[PDB]
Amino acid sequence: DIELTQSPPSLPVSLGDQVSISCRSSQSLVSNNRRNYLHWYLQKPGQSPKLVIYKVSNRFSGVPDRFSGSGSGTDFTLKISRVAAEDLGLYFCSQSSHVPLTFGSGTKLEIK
């Protein structure tokens, strides 16, 4: 079972800030034919998770252009150019590269 470690678990930010949250896979995601099936979900408090970025860098419907994804193999990143209030929630990376689909620990984007 692949472990997705997300750092930092807590990232207190000021608004308008440029953030980068990390997600590390315990096993390479390019070890099979399902090459970097790494996704990100936001979970604002009280609401259900939302797909942010799928397959490392592909922004999904409703996602602003200030969000971007990068990485390959085991080290993946998620940037938010200017951080707004609406971006504050819980971020989960996930992988469907290997069975079973696995979720990360989460990074909590909180105001300071």
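When you see a residue number, it is the position in the sequence shown, counting from 1.
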item: Mean C-alpha B-factor comparison - 25-33 and 51-59, higher one; value: 25-33
item: Residue range whose averaged C-alpha B-factor is higher in the record, 95-103 or 5-13; value: 5-13
item: 42, 80, 38, 85, ranked by C-alpha B-factor: the highest one; value: 85
item: Third of chain Cα B-factors occupied by residue 64; value: lowest
